[PDB]
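Written out below as structure tokens is the structure these notes cover.
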Amino acid sequence: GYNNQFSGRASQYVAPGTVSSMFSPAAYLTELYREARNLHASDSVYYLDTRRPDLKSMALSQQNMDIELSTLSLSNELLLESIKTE
Amino acid sequence: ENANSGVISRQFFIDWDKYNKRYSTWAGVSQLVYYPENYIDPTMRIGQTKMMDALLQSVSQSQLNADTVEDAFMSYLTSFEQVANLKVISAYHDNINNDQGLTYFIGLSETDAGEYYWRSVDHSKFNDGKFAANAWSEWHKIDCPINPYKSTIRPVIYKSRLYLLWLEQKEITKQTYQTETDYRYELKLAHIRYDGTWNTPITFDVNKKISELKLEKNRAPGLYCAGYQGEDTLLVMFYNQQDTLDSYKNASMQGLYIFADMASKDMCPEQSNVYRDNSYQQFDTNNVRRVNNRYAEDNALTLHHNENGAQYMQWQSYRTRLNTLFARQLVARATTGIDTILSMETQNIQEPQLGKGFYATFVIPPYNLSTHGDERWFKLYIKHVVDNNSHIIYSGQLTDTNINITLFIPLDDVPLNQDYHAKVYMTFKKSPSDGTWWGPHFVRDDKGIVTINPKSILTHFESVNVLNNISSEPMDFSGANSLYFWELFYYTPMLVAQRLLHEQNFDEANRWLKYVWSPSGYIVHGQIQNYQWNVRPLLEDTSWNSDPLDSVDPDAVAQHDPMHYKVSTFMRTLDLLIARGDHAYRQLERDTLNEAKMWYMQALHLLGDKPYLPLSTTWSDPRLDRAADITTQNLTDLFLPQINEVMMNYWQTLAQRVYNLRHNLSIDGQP
Amino acid sequence: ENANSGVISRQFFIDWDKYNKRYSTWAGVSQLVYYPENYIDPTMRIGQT
Amino acid sequence: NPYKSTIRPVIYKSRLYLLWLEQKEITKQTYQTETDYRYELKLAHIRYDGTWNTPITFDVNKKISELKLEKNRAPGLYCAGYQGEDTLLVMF
Amino acid sequence: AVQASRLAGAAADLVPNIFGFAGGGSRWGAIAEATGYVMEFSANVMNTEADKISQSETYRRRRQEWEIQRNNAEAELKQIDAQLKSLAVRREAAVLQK
Amino acid sequence: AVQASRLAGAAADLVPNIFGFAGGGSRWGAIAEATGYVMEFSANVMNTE
């Protein structure tokens, strides 16, 4: 069959579209963030960690990939928590 | 305001605009690197040979029949044979030092008004004693007219552009009233243009300079061509032929200067003496033809034409085949047609050996950490009693199994030691240092039989055997002609099968695709054959490399690891079976739907058991802050590889199609 | 697991994939051998001069 | 363009080859002007597509001049392919 | 075949053809003429070949347009039968009105 | 390529080719013939394009 001829390149595959796969959009977020987190010095006001602190604590989960919430609620949640924090 | 200029210079942001800015492009690039078989299309390929481009457009039409495709293949084979029989004349080495640079070859086809082809090879890509297959370039036809005297043509590189000098000779008459004859000689220079056409040859009068050379009758003057470092001048020198370099030390060097505008000047004798005493090692004696370097102010590369017909280049222990006598042996196989050309016993046609030497088989001991160490690398080194440095001849990783390695071991022309003629020794992480007797020493007698010196110690070889009865080796799918051999044995059947699929000539497509691989097996002379795949490099490469090639071309990466080509053929067999089932299913009568079912069931057991994939695993929903550091330890460190989405799709469509055949729907699922 | 290699070498299983696997192809081959006049088309012929 | 229809096929390495003798006419000075001939054996072979390769000239003037031919007589040309060794035997 | 023929004639032409007190007569340009003839013939053969391919693609596009037409005719045929079914009812209701 | 080929043949043709008591033999028209061949070929290539 296929498996006993062409298995062996990897010890554990995963399903198409799951979060844990290296082509998932989570993997693209992580890979992009690794390079992006350094474009400015820490002290600059344009530093990403300063500009969007919650993004750095974002969980990578199937939950955050599947649930299609409204964006405007997320913009309200972000401005609101910044105001209550300040 | 100001991004960190160091961070922007990273490769990730140079590739930004092309691949990484859009998620879909990034995913496509990453799968095209990791899963080449999805994006391999036999119709178009980078680096396609000109005769395969003749083939594709010749076979591209609405109606394909057995005779049409057979004739298209016989015309392809004619082109291939013509480009394989040609022999090299001369070469030039582009760089002052032999380690780097390029080497340009000139080759003549066996025809009366000869056609001349130029080929280039790369020394940088050469390593571990074997030229990489991609280093070699395909032959290119030379368009300008060439009519040299005694095949006195010599390429040269000037200002990084290719130039050709060849000496033409013509015959003219003298009055003495008795009538008499004599010759005149015209050196001609041409060069290539950016579009690969050739500029018109410019004549240079050399009659004085040749007449100063008291040539023997029907002897070609020694012509030396070299491009000067720094000054943009072509050095062209004429020298009298001599049997030894020791004689060139005082040869009366004729020559002339040639400048970028193709003006010329003569040499002063004083300049010629200097250019001589520097370059004389490069002069081709009557016995052997040397390769020129760029001029300078550890033997040269060399071309030997062996008596058995092997042409081989030499510059160290290293020897390399240039031409292949495959096409001259193929005619017997071709007399019985296509089914015999492609067969496995064509691919084992023998190549004559190159140079003087012997064959030896080395059996590599198993992995054994106490005699091995942690690093699994090992290197085979040769040494010759010239007592130069050693040279690497093979490099590999120690397996737990043995490895059987059969090597051609060069032997020098002259036995500069009486007790042994070569030393081979085995080096590895645990014991990288060599020992005086700690490898097989080989010696040859007068009758030419090679034997292992009993004084030598074989303890860390599992076995060494000398195959004294063997004077040939298998056709080489990694040598110079590797591109043409992959062009014929594998690409051509797959291209033909692909074209026949679109024309719905399934019966002819099945046999054409069956040439490369057949699950039923192969029968020869009335006996069933053990092998399953008809192509030797697919049969021999049985598992992927420890790492792939990182390259955004699917075909070079599949060429580096031909286990991928096996999947591409498998997937084209499934494409054929599904299309045949759909075609039968299009007729809704009772009998035909049972043919549709047996076609789908046939592809079903080939695919086999659909893999089960545990829905949740070790992956733990980490913080993005953590995944960034886990991945940046210098993504597979934390993200797992997915199963090929196309192979998954074959199981989805086959199961749904059989579901309709079982439930009496149609193919669009309507009752 | 293992078919008899002698039986597979028979001509009937060499012709399998081309003619004998489908009943319609087998019937067509057998009539084309036994009744040539049906399949003789003057327009095209093998070995045409 | 053979002399006196001196053409003879031969098989070599299972491929078809043709030998034919061409003859040409050339002039000699003796200041009286005189004539004599020269002979050029030519070999061609077929390709896989049924086209014919270009004929390759072989100089036979010595070998024919050793044969004291009668005037306007075609030399006996014998062509045969050797078993084992891949050589064309060409004999006059 | 034409490439081999022109190369053979070119090579056979460079030998001299007049003898005695006058010599030579070999046309020096024959190799360049043969390369010109074969390279200008090449353009014509590529035009013929490209025209064979373009004719083939034409016949294929025409056949696909006959699928669009045949499917349109079949759909119109299929809807007429249902029109007849509706009229068969409408007639049953008119008999019932009687 | 054809333009270079025809110019090269024309230039190589003007040298004399018979010698001894008879001289010359160089066809004087070769340059005009080459300009004619390349300029009539040009029309065909523009039609193809």
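Derivation of every value follows stated rules applied to the coordinates shown; laboratory data play no part. Virtual Cβ from ideal backbone geometry, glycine too; neighbours counted across all protein chains shown.
Tell me, which residue of the range B:480-510 that is within 14 Å of another protein chain (Cβ to nearest Cβ) and in contact with a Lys or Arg (Cβ under 8 Å, 6 or more places away or on another chain) is surrounded by the most Cβ atoms within 10 Å (Cβ to Cβ)?
Result: B:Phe506.
Which residues, counting only those in the range B:2-21, are exposed (fewer than 11 other Cβ atoms within 10 Å of the Cβ) and either within 7 Å of chain A (Cβ to nearest Cβ) or under 15 Å from A:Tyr28 (Cα atoms) (or both)?
Matches in the range B:2-21: none.
Give me the pairs, please: first residue somewhere in the range E:17-46 and closer than 16 Å to B:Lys170 by Cα, second residue anywhere and in a loop (DSSP other than H, G, I, E, B) and aromatic (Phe, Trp, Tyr), beta-carbon distance under 8 Å, and either six or more positions apart or on two chains.
E:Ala22/F:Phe21
For the subset of the range D:47-82 comprising residues that are assigned to a strand (DSSP E or B) and more than 10 Å from every other protein chain (Cβ to nearest Cβ), which member is farthest from the chain's Cα centre (by Cα)?
Our first condition is that a residue be assigned to a strand (DSSP E or B); within the range D:47-82, this holds for D:52, D:56-59, D:78-81.
Now narrow it down to the ones that are more than 10 Å from every other protein chain (Cβ to nearest Cβ): D:58-59, D:78-81.
Numbers: D:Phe58: 7, D:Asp59: 9, D:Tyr78: 10, D:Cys79: 10, D:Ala80: 14, D:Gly81: 15 Å.
Top of the filtered list is D:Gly81.
Among B:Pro519, B:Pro562, B:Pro554, which is the only one that is touching a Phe, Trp or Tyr at 6+ places or on another chain (Cβ under 6 Å) and either within 14 Å of chain C (Cβ to nearest Cβ) or crowded, with 17+ Cβ neighbours inside 10 Å (or both)?
Numbers: B:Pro519 fails: touching a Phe, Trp or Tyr at 6+ places or on another chain (Cβ under 6 Å); B:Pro562 fails: touching a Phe, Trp or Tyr at 6+ places or on another chain (Cβ under 6 Å).
Only one candidate passes the filter, namely B:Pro554.
Checking E:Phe19 against (1) assigned to a loop (DSSP other than H, G, I, E, B); (2) among the aromatic types (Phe, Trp, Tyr); (3) loosely packed, with under 15 Cβ neighbours inside 10 Å, which test does it fail?
(3)
Take the range F:5-31 and flag every residue that is on the phi < 0 side of the Ramachandran plot and more than 7 Å from chain E (Cβ to nearest Cβ).
Our first condition is that a residue be on the phi < 0 side of the Ramachandran plot; within the range F:5-31, this holds for F:5-19, F:21-23, F:26-31.
Correct list: F:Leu7, F:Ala10, F:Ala11, F:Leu14, F:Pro16, F:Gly23, F:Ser26, F:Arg27, F:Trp28, F:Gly29, F:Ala30, F:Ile31.
Just checking, how many residues over the range E:32-70 are of a type outside the set (S, T, N, Q) and at the interface with chain F (Cβ under 10 Å from one of its Cβ atoms)?
Result for the range E:32-70: 11.
Could you tell me whether B:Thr25 is within 14 Å of chain E (Cβ to nearest Cβ) and either part of a helix (DSSP H, G or I) or touching a strand residue (DSSP E or B) at 6+ places or on another chain (Cβ under 9 Å) (or both)?
Details: within 14 Å of chain E (Cβ to nearest Cβ): no; either part of a helix (DSSP H, G or I) or touching a strand residue (DSSP E or B) at 6+ places or on another chain (Cβ under 9 Å) (or both): yes.
Here the answer is no, as B:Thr25 does not meet what is asked.
Is it the case that the range B:620-634 has a residue that's of a type outside the set (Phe, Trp, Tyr), over 41 Å from the mean Cα position of the chain (by Cα), part of a loop (DSSP other than H, G, I, E, B) and more than 7 Å from chain A (Cβ to nearest Cβ)?
Yes - at least one qualifying residue is present in the range B:620-634.
If I ask for residues that are within 33 Å of the chain's Cα centre (by Cα), of a type in the set (S, T, N, Q) and more than 30 Å from B:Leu56 (Cα to Cα), which ones from the range E:53-87 would you list?
Answer for the range E:53-87, where residues must be within 33 Å of the chain's Cα centre (by Cα), of a type in the set (S, T, N, Q) and more than 30 Å from B:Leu56 (Cα to Cα): E:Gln69, E:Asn71, E:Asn72.
Filtering the range B:106-122 down to residues that are of a type outside the set (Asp, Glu) and outside any strand (DSSP E or B), which residue is farthest from the other protein chains (Cβ to nearest Cβ)?
Checking each candidate, the answer is B:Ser109.
Is at least one residue of the range D:22-37 under 17 Å from D:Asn72 (Cβ atoms), among the hydroxyl-bearing types (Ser, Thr, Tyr) and under 20 Å from the mean Cα position of the chain (by Cα)?
yes
Any chance the range B:289-300 includes a residue that's of a type in the set (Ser, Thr, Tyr) and part of a helix (DSSP H, G or I)? Quick ask: steps written out before the conclusion?
Taking the range B:289-300 first, the residues of a type in the set (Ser, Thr, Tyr) are B:295.
Within this subset, residues satisfying the condition of being part of a helix (DSSP H, G or I) are none.
No, the range B:289-300 contains no residue that is of a type in the set (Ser, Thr, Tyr) and part of a helix (DSSP H, G or I).
Hey, any hits in the range A:19-35 for a residue that's more than 30 Å from B:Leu615 (Cβ to Cβ) and either in contact with a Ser or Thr (Cβ under 8 Å, 6 or more places away or on another chain) or at the interface with another protein chain (Cβ under 9 Å from one of its Cβ atoms) (or both)?
yes
Find all pairs meeting these conditions: Cβ atoms under 9 angstrom apart; at least six residues apart or on different chains; first residue within the range B:69-83 and hydroxyl-bearing (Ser, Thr, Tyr); second residue surrounded by fewer than 17 Cβ atoms within 10 Å (Cβ to Cβ).
B:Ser75/B:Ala54; B:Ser75/D:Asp49; B:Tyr76/B:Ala54; B:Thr78/D:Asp49; B:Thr78/D:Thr51; B:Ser79/B:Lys50; B:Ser79/B:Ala54
How many of the residues in the range A:53-86 are within 14 Å of another protein chain (Cβ to nearest Cβ) and more than 30 Å from B:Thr617 (Cβ to Cβ)?
1
Give me the residue from the range B:114-166 that is surrounded by fewer than 20 Cβ atoms within 10 Å (Cβ to Cβ) and basic (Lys, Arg) and, out of that set, farthest from the chain's Cα centre (by Cα).
Here the answer is B:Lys150.
Hey, could you check the range B:74-95 for residues that are hydroxyl-bearing (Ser, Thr, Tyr) and in contact with a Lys or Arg (Cβ under 9 Å, 6 or more places away or on another chain) and say which is surrounded by the fewest Cβ atoms within 10 Å (Cβ to Cβ)?
Ranking the qualifying residues of the range B:74-95, first place goes to B:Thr78.
Inspect the range A:42-49 for any residue being surrounded by 14 or more Cβ atoms within 10 Å (Cβ to Cβ), more than 7 Å from chain B (Cβ to nearest Cβ) and within 15 Å of the chain's Cα centre (by Cα) and give the result as yes or no.
yes
Any chance the range B:524-546 includes a residue that's surrounded by fewer than 17 Cβ atoms within 10 Å (Cβ to Cβ), away from chain C (no Cβ under 14 Å), farther than 25 Å from B:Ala54 by Cβ and in contact with a strand residue (DSSP E or B) (Cβ under 6 Å, 6 or more places away or on another chain)?
Checked against the condition, which is being surrounded by fewer than 17 Cβ atoms within 10 Å (Cβ to Cβ), away from chain C (no Cβ under 14 Å), farther than 25 Å from B:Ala54 by Cβ and in contact with a strand residue (DSSP E or B) (Cβ under 6 Å, 6 or more places away or on another chain), the range B:524-546 yields at least one hit.
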